[PDB]
Every structure is written in C-alpha cells, then in structure tokens.
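**Q** Got a structure for you, questions after.
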6 protein chains.
Amino acid sequence: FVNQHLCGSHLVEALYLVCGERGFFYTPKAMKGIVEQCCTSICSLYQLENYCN
Amino acid sequence: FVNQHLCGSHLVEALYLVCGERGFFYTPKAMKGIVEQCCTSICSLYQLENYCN
Amino acid sequence: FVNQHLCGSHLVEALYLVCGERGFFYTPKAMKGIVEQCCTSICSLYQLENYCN
Amino acid sequence: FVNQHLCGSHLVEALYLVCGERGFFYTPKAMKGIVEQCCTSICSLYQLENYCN
Amino acid sequence: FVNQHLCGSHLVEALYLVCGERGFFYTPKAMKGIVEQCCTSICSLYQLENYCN
Amino acid sequence: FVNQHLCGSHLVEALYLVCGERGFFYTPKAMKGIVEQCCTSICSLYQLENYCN
Ligand SMILES: Oc1cccc(O)c1
Ligand SMILES: Oc1cccc(O)c1
Ligand SMILES: Oc1cccc(O)c1
Ligand SMILES: [Cl-]
Ligand SMILES: [Zn+2]
Ligand SMILES: [Zn+2]
Ligand SMILES: [Zn+2]
Ligand SMILES: [Zn+2]
C-alpha cells in the first residue's frame, strides 16, 4: 500500500519479473487502466499476474 | 543463465520503446525467439520491431 | 501517439538505442524543451534522431 | 567484476519492487549475500523477498 | 540544481551508485521526505550519502 | 558484443546521474573511450565524471 511509480517501462519490467517463464503481454490500448493505476496509484504484484501469458 | 535473464530485462524495455502504442507479447519461450536472436547478437531497433504487435 | 513517460534517464536510454554507433548528446540547458515533451507529452523516435552525433 | 556490478543494479531494482513498503538493506558485503546467490543463479521474486526487511 | 526525476526505483539505483561497497538502505516509511524531494525537486549526490550503510 | 551494448546502457544512465545539469556527449566511438575503460573495470562516479561536459 505504497505507490511504486510503476510508470512507463517500469510496468513492463515488473511484468517481466512477476511472470517469469510464462512471459507477459503489454497492450497500451487494452491496458490503459492498469497503466494509469500502477503509475499514479497502487497495484499489487498479484494483480499484475493477470497480464502473464 | 543470469546473463540471459538480465539481457531479457533490457529487451522488454527496448520493446516498450519501439513498439509504442502497438505493444507486444513477450515470449522468451518462442522458438527462434527474441532472446536467441538478440541476446546472442546486438539487435537494432528495426530488428526489435519485428517482435511488436 | 501515446505518451511513453520518457522522463529523466529514460530519454538518455532512448537516445542510446536510437542513435546506435553514432552516439548522442544530452545537454539539459539546451534540451529543456524535448526533455519536457518526451516526459509529459509525445515525442517520436524520428524526432529523437536530432540529438544523435 | 563489471558483470557483478551490473547484476547488482538489476537486483536493487527487483528488491525495490518486491519489498514494497518494507524496504530493504542492501549489503553486497553480506556473507552468503544476495550477489553470491542471485548473480550466480536466477533468483525468483520469492527468493529475492528473503532479502527484504 | 536541475531535477533529475529520481522517482521510484531510480532513487535506489542512485543510492547503489553513490554508496558503492558500503551499500545503502531503502526504507519507504522513514524516507518519505527524500523520496518526494528527489522525485519532484532536487537532491544532491552528497545528500544521498546519508543513506549509505 | 551484447554485453558491451548492455554495459553501455548502464553507463549512459550513470552519466545522466553524475553529470547533472552539465550533461554529456556519449561517444562509444571515442579512442580510449568510456566503454573501453568502464566496461572492462568498474568505474566509480568520480571516474565517470571525467566524461561529463
Ligand atoms: O536494445 C537491445 C537490448 C538487449 C539486447 C539487444 O540485442 C538490443
Ligand atoms: O530479478 C533478478 C535480477 C538480478 C538477478 C536475479 O537473479 C534476479
Ligand atoms: O556505474 C557503472 C555502470 C557501468 C559500468 C561501470 O563501470 C560503472
Ligand atoms: Cl546487464
Ligand atoms: Zn531503468
Ligand atoms: Zn517516472
Ligand atoms: Zn523511470
Ligand atoms: Zn543490465
């Protein structure tokens, strides 16, 4: 429950680490919401698992 | 395997940049994938763009 | 036409990738405009070529 | 020694992510420390969490 | 006397480089002030030495 | 050559930090340049400052 400034490429780095061997997808049009949330608010590593392949 | 892991972190940041709005699916997985090509030799931004959506 | 949060050192990383073997220059006083633009608005990779050596 | 130095830069970013509000003390120092473990083999986020506060 | 957008993990990367072999600590609750200052204002590398071990 | 490429990405981020308002010209090019010195051995922030404007 602290903002982590997961803005821009930081979110892709976070997904890279969270998702491991599965990989992930990064689709700006479909992920406008989580992009904003992780940058200016808080988003959990558990929530980010939703973007693993 | 650590060097490949670290190389992948740089790759996903580069894809974030070059793919822009299109985004990308990251599959280190992929047969003949981006890690095989671009952690073995330097990929230009034109070569990295092949992996975008 | 999507902001990429190319703030702070991200802009230097972008120039590094765009400019390749030419290298680039980063001069905060002279580049106040593009620094602001790439961070809070949109700036193209083609525009960034203006700061390659 | 440069590879270990660069690996450490990635480690501290990963710890920033996984440790969240708890934070961490970074001691490359430490006997049986994080660089010995995680620059030799890939550490998952669960292994990295062992180094958090 | 120019802001360097040392936000989020950038501050931990800065501490990593500044502190060298000493290492550093990153404690969000205790360091709310310098976290804000380095992200939205200016903070010197000399000031950051206060968070080396 | 990939390791040198990745090392360079870290170097330009470190120069962004240490050079501050002065900025820098990045020439991987340069005879006896920063990649030869600092991707072979670890450069402190004082050694990196030699490459600033
Ligand atoms: O920009 C990059 C990053 C990582 C590997 C590579 O070949 C190119
Ligand atoms: O996420 C990371 C970063 C660096 C080394 C490692 O094993 C894992
Ligand atoms: O801070 C750095 C980054 C890359 C190489 C080096 O010697 C030092
Ligand atoms: Cl690296
Ligand atoms: Zn980074
Ligand atoms: Zn930022
Ligand atoms: Zn950033
Ligand atoms: Zn690296």
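Residue numbers start at 1 in each chain; chains themselves are named A, B, ... in the order of the structure tokens; ligands are numbered from 1 in the order shown.
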Give as a count of residues only the residues surrounding ligand 8 up to a distance of 6 Å, considering only C-alpha atoms and all ligand atoms.

**A** 3

**Q** Using only C-alpha atoms, which chain C residues lie at most 8 Å away from chain F, written as a VMD selection string?

**A** chain C and resid 9 12 to 13 16 21 to 29

**Q** Using CA of residue 35 in chain D and CA of residue 38 in chain A as the two end points, give the distance in Å to one decimal.

**A**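 So the answer is 28.4 Å.
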
**Q** Using all C-alpha atoms matched in sequence order, least-squares fit chain D onto chain E and give the RMSD rounded to one decimal in Å.

**A**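 Rounded to one decimal, the C-alpha RMSD is 4.8 Å.
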